[PDB]
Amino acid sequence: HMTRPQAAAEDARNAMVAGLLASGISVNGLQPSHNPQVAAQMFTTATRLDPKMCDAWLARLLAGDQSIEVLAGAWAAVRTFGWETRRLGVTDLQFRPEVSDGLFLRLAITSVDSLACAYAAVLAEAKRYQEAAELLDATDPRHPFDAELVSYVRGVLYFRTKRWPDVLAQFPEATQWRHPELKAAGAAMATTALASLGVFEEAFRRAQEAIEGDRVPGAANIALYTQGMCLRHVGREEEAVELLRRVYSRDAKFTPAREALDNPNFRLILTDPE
């Protein structure tokens, strides 16, 4: 006579396995498939039957659902962070859930502290800045690798509330980051902050860190666009046009570049996420 908790727990583990399989992840020597909607349903089933299984919430992120309910479900279950993937032998090599910060990057959830960062990023995308900041405040990793993500998402928070000096404090020039992408996107936000403050020459220079290596193309676009505005500001119109066409060609949906090409008087620093 299996108890109800035991039946729920076993069913949740099997739903987890099925979701992973439907995500192209082989488990226990079973053949995977590619059924994204089934994967999401399976992971949702797992969280309904065992809401204490943190990795099932994380799996719903992998499957595309980064709503606040999912992030908050994962955070409530954080005690079992990693238990079920470890039980299955599943690693970051196969299973790397991420959340978009809504501006430049997908942030990988690899630890309790990076889950907190991702949750704060999602909070801040919903304009719940107070809760985001509290969550970052209460995080304080002892190891510098995860603290870089805290600094970055605090910068995103400052960027989203147009606090330009605070943005600059989060992303100082000539600073080594263990995460190259955090540095690149941070530089795009610093470039935007500097341009907004009218410090055009420094904006131009900071932009290069967002451009180098095309590591984060969306950061590079913002940076190249902002360099075009700087060039336009000092009357170097032909060079401005080169960079603006470069960006429009890189990303035809980058409407401000088209606007600036259509209107040589257009002079907008892009502060809106959009």
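Numbering starts at 1 and runs along the sequence shown.
In this entry, 58-66 has the higher mean Cα B-factor, the comparison being between 213-221 and 58-66. The PDB entry records a higher mean C-alpha B factor for 134-142 than for its counterpart among 134-142 and 70-78.
Per the PDB entry, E125 shows the highest C-alpha temperature factor of the residues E125, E181, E202, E84. Within the selection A147, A174, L93, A185, the deposited Cα B-factor values reach their highest point at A174. In the deposited entry, the Cα temperature factor of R246 places it in the middle third of its chain's modelled residues.
Among the modelled residues of its chain, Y119 has a C-alpha B-factor that falls in the middle third according to the deposited record. Sort the modelled residues of the chain by CA B factor and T226 lands in the lowest third. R232: CA B factor lies in the middle third for its chain, per the PDB record. When the CA B factors of the chain's modelled residues are split into thirds, the value for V112 lands in the highest one.
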